[PDB]
Each structure stands twice: as structure tokens, then as C-alpha cells.
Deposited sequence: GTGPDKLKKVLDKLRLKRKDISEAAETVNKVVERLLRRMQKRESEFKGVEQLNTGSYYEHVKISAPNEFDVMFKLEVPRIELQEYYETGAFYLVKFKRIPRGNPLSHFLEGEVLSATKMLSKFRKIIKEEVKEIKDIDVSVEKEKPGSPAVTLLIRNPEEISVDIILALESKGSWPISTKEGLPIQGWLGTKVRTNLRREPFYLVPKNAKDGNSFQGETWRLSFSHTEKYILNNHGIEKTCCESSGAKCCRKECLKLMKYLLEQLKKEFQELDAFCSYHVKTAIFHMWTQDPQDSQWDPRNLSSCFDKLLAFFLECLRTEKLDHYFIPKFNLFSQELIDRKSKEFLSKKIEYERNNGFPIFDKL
């Protein structure tokens, strides 16, 4: 049943092969351009992020997320109000972008990508119209199949993480205190998402990647000499329910996969043992994930896993009407064996 949905959602080895080679062709060429041209983004290094690289992509290999991280010689951050996740960057190449303005830096970035994309004759690839706010430059590829690639510009800072994350990332009873201390020794990132035009947002896409691939309390969880768990299959099922519901109801435009990602990070923290995620219990795991997500909706409360004061379900960001709509549609599919999965 739920197994059979997971069979349907599984990407195909050939589809992975074909899509990956076209995306890699494009992304390498853009990344060359930022380097072997004396631009403000020389030094930018590639970091792959998102569900395709976390092995939780469903249905088709048709969406890829790539960070072009750029190391910045220190530091000065100022928190935008007390939102937790938005910051003004203050303090050379980047002199053309002044306070370091996200909009002006993104526009140059965007302008380089668009130029280099006009110079692609090998692949059918366009630049999607800019979505205000959003930190991404989105490529639309078409080797028959439609594939979209998000090129995310990011700042890399090696200093300690901002104070708003001090109580974040609570993996101590799950992944433990050494894993946490080491993760927090990694750099943190800032992306040019706005709010207004000078604000950057914290990104922890590199930390979420590690956690998805290091998700057990036992070191052998999901390894060739360990037990398989069903944590990723539960994420996929929950991502699938929201994709089907969003595709049908335009009332759900304000929800996104990151809401599902954040909720299941919390669930994993509350149920740390690998046995609470035994494959033979895929049903009650998916069901307890649903119950948790409904508790989040009912209480209009879903805190950023790394930034606890930042409520992703705050009234300011999603209306109570949108949440009660989602809770009714979800409770429905739940109590009727998920008809939506058969579409």
C-alpha cells in the first residue's frame, strides 16, 4: 500500500543519468564563468543542496538546487529586528554592492548567469523571470523533459554562528553533543532572500544535508552492515501528500516542502531511536508524522529547526484560514486511506 506509493515515487536510474548529465553540463559552465572571468564572484565554490542530493527527491529528477558559496573576509552582522533569520551585512571586489546589499549583488549575479545562458547552444535552457524576494536564479532546462535548476548565491562566514541559533539544532539526545559541536564549527551561510532589499537570510542547507545522510542514533543506520530505517520514506510520503494537495488547491500556495522538512526534523528529534522508525512500522510512523504536522497547524506553531524564535507558521506569514484549510484537507486524506495518492 504505502510501499506501492513509494514504488511509484521512486526515481528511475536512467532518468537520473540523463538529467544529471545535462544539469552538470550547465552548472559547470556557469561556475567557470564566475571564475575565469575577473568578476566580483571569483572564488565562488559549488555546494550541492536540496532533496535530489539528500536522496529524498520524488517522482522525477526534475528540480536541482545549487549554492554558489563565496567566502567573505569578516563579518559584521546585525539582526533585522528580532526575526532570527534576517540580517543586515556590514563590514576589495564587492565595493560595487553598497551596507552589503543583497539586491544589488543578486542583480549582478543574475546578469552574469543570463549572459552565459544566451551563449549556450548545446542545451535548451532559459532563465526564468525573476521572482521578487526569492534568492534563486532559476534555470529552465528542456532536454525534452522539463528540469528546473535554482542557482542560489550565498555568503560563507567562518565565525561562530549568530546568537539566534544558540538554542537551535537540538540534536543532543539524537545525533549527540560531538556531532552538534562539530556541525557548529562549520561555516554558516547567508542568502539574498528579502523581507527589505538589503536583508540576507541564514541558510543551513549544508547542515540539513549532513543530517539527512547521518540521520540515525546508531552509526550504522541505513548502511550495508546496519538496519534500514524508514525516516526518508516518511519524509517522501509527507512531501508527496503536500505536492498533490498544493497542485489541486491554490489555497495552499503559502505552504512548501520546507514546512514538511522542518516538521520531520522535529519528529526525528522527539523520536530519536532507530527502532521508532522500523520499516515494518511505516504506517504508524507516517501517521504520527501527520498527527504532529496537524498539532503544528492547530497551534499555528512550527519553529525553524536552527533558529527557534522564527515561527514558520506565524500569523504574519500564513493566515489562519490557510492553515485550517490544510488541516481539513489533510485530516480528510488521513481518514479515507489517502485517495489522493491514487491520482
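Original post:
Where along the deposited sequence are residues missing from the model?
Top reply: Missing CA coords at 1-5, 97-102, 110-112, 210-215, 364.
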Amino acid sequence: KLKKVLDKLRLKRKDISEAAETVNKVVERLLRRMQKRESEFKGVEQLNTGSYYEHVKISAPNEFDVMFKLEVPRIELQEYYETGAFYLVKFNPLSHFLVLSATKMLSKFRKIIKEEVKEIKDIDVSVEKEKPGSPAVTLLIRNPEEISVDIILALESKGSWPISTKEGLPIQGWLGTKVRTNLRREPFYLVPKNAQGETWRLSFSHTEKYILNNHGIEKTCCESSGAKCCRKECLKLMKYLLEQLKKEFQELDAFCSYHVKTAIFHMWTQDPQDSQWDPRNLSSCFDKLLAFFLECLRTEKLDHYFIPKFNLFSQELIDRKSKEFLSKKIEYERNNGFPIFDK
From here on, numbers count along this sequence of modelled residues.
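For the two forms, the rigid core is made up of the largest set of C-alpha atoms that agree within 1.5 Å on superposition.
Original post:
Which of these two stretches, 142-150 or 198-206, has the larger RMS Cα offset in 7 other deposited structures of this protein when the rigid core is kept aligned?
Top reply: More C-alpha displacement in 7 other deposited structures of this protein shows up in 142-150.
Original post:
Between 317-325 and 8-16, which one strays more from this form in 7 other deposited structures of this protein if you match the rigid core and compare Cα atoms?
Top reply: Once the cores are fitted, 8-16 deviates more in 7 other deposited structures of this protein.
Original post:
As stated in the PDB record, which stretch has the larger average Cα B-factor, 112-120 or 160-168?
Top reply: In the deposited entry, the stretch with the higher C-alpha B-factor mean is 112-120.
**OP:** Higher average CA B factor in the deposited record is what I'm after, so tell me if that's 12-20 or 317-325.
**Re:** In the deposited entry, the stretch with the higher C-alpha B-factor mean is 317-325.
Subject >> Selection by C-alpha B-factor (highest) of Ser205, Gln196, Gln273, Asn214 >> reply: Largest recorded C-alpha B-factor: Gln196.
Original post:
For the listed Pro187, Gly226, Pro132, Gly176, which has the peak Cα B-factor recorded in the PDB entry?
Top reply: Among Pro187, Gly226, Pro132, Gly176, the highest C-alpha B-factor in the entry belongs to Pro132.
Subject >> Ranked against its chain, the third holding the CA B-factor of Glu28 >> reply: Highest third - that is where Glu28 ends up once the chain's C-alpha B-factors are sorted.
**OP:** Comparing against every modelled residue in the chain, figure out the third that the C-alpha B-factor of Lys57 lands in (lowest, middle or highest).
**Re:** As the PDB entry reports it, the C-alpha B-factor of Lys57 lands in the lowest third of its chain.
Original post:
What third of its chain's C-alpha B-factors does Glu38 belong to: lowest, middle or highest?
Top reply: Highest third of the chain for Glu38's C-alpha B-factor.
Original post:
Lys219's Cα B-factor: lowest, middle or highest third of the chain?
Top reply: According to the entry, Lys219 has a C-alpha B-factor in the chain's lowest third.
Subject >> Ranked against its chain, the third holding the CA B-factor of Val44 >> reply: As the PDB entry reports it, the C-alpha B-factor of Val44 lands in the highest third of its chain.
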